[PDB]
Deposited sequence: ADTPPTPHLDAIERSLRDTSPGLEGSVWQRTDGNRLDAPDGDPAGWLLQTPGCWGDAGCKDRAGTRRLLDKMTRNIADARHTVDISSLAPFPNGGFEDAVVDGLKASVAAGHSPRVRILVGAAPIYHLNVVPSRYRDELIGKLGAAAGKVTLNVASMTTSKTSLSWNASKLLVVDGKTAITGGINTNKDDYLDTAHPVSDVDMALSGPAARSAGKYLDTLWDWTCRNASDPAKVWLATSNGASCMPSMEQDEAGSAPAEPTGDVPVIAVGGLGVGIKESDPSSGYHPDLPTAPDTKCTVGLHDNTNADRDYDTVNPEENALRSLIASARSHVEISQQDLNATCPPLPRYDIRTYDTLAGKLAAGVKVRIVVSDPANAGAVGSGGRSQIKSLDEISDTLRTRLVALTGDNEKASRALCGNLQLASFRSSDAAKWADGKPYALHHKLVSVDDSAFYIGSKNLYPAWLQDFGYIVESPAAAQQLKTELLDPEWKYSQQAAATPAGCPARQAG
């Protein structure tokens, strides 16, 4: 089966981060999208799952998600590997972790279990690793004895704002859940106004891909627990740190296929883990596009740092995915722009890639979280359409060439999930996707935001017309049906 989008992407990843192939990024064949029998699109795990309902009474999406996490951990034979933004899994996320582990222990297994959270230098951890570990041990009861725990919170750069934001649940290196959904009960489960988000479930070689990525982070985490300012670590039963748990489980055996889906796993190492890819010949000429709204105090890793690209292939992977679009691009994000300062306002290359698509007649849709949320980082969606216009002029010369590209090919709106502008409690809709879909053939579902950020993130890029059709039917088309009544007509357009 031809994967023309994956191929372009792979080309860029190999040119950017050749040494990181097979740890921080990897293409594999033979994957399956882990849908429950009789629910073929059930691999797409959206929360909360209430299109057409501003009241959101039946959070079916959220319970499919929690039940899929529970079931996947319940099936664990050897390893469970969890990462998220802080806090550690709480509320129903914790329940799914505990419940699954008890099942695994009942079926006679002794699972090893790693749990990694990123934390900003500003963020105060209420439940620190030793308290989290103790809490799980109590909740596990008699089964704790069979469960080897590694619990850790990490910050990799204080001055350059880098910590883990990957959101992974990998089991036995065989199944993986990932997306934008943090294990934070208060955004998703305990509220009259839940965040909207999406994860995907998968099984096969690409689950091992995620595993080796987490090994890369645990290698750094284990080594740097010698510096409590960066890492807080707690193990149970007197266990060592486990930097290579996914590798141990994999062994010499190559991962067995479980379906026919081609996938590119790709993440990034942020700042402070590795300076550069020593084997990389990446030699871009980086844009010089000083921005109206902002200058950066901090050194701009997004727009002006060759080395940062070499140890962060997800950045260029997202740029390649957009660049691969021959027909149309759908972007659904919390934000395109970052709040600047401190971070650069936007990723110049992304916007240039998008402007180039606008000028070639490729259709571009951008849905972002409602600016009535700053959970958002722009005052008005004109910020995005203005930026695209400046970059269009910077490309085509004259304005009404850009206006022809912009006004004819751009859909831009804030996210709605029902006909209601907001929820019952008056709070607006918060969108937390990190999703890109291209030509109804290839899509990214993961944790890497399109706005500038220097965290460790990870996600999957799938090339499957049948899966993208499902993605289009279950998420993109509904989103646009409701979000177009919050759409912007860019300034200077009919």
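Unmodelled regions (deposited sequence positions with no C-alpha coordinates, counted from 1) are 1-3, 378-384, 505-509.
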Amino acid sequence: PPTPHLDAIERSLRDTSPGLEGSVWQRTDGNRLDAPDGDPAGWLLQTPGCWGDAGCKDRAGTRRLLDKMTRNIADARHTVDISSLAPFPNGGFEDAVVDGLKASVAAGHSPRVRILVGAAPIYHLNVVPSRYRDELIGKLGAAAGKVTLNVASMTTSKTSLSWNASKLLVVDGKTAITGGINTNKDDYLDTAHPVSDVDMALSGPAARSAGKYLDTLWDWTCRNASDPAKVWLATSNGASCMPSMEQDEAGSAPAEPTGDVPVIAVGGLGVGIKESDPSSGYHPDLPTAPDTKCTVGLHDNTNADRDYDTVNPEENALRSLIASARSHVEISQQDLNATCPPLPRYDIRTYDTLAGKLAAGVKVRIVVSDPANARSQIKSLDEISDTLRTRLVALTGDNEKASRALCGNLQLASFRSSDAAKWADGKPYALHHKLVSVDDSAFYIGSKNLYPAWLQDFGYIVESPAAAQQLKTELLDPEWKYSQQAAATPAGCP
From here on, numbers count along this sequence of modelled residues.
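For the pair 46-54 and 441-449, the mean Cα B-factor is higher in 46-54. When 182-190 is weighed against 112-120, 182-190 comes out higher, by mean CA B-factor as recorded in the entry. The PDB entry gives the largest Cα B-factor of the residues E315, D215, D347, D370 to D370.
Per the deposited coordinates, the residue with the largest Cα temperature factor out of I378, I264, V329, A234 is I378. Ranked against the other modelled residues of its chain, the C-alpha B-factor of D285 as given in the entry falls in the highest third.
Per the PDB record, residue ranking by Cα B-factor puts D425 in the highest third of the chain. The entry lists a Cα temperature factor for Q456 that places it in the lowest third of the chain's modelled residues. For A60, the recorded CA B-factor ranks within the highest third of the chain. Only modelled residues enter the ranking. Among the modelled residues of the chain, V24 sits in the lowest third by CA temperature factor in this PDB entry.
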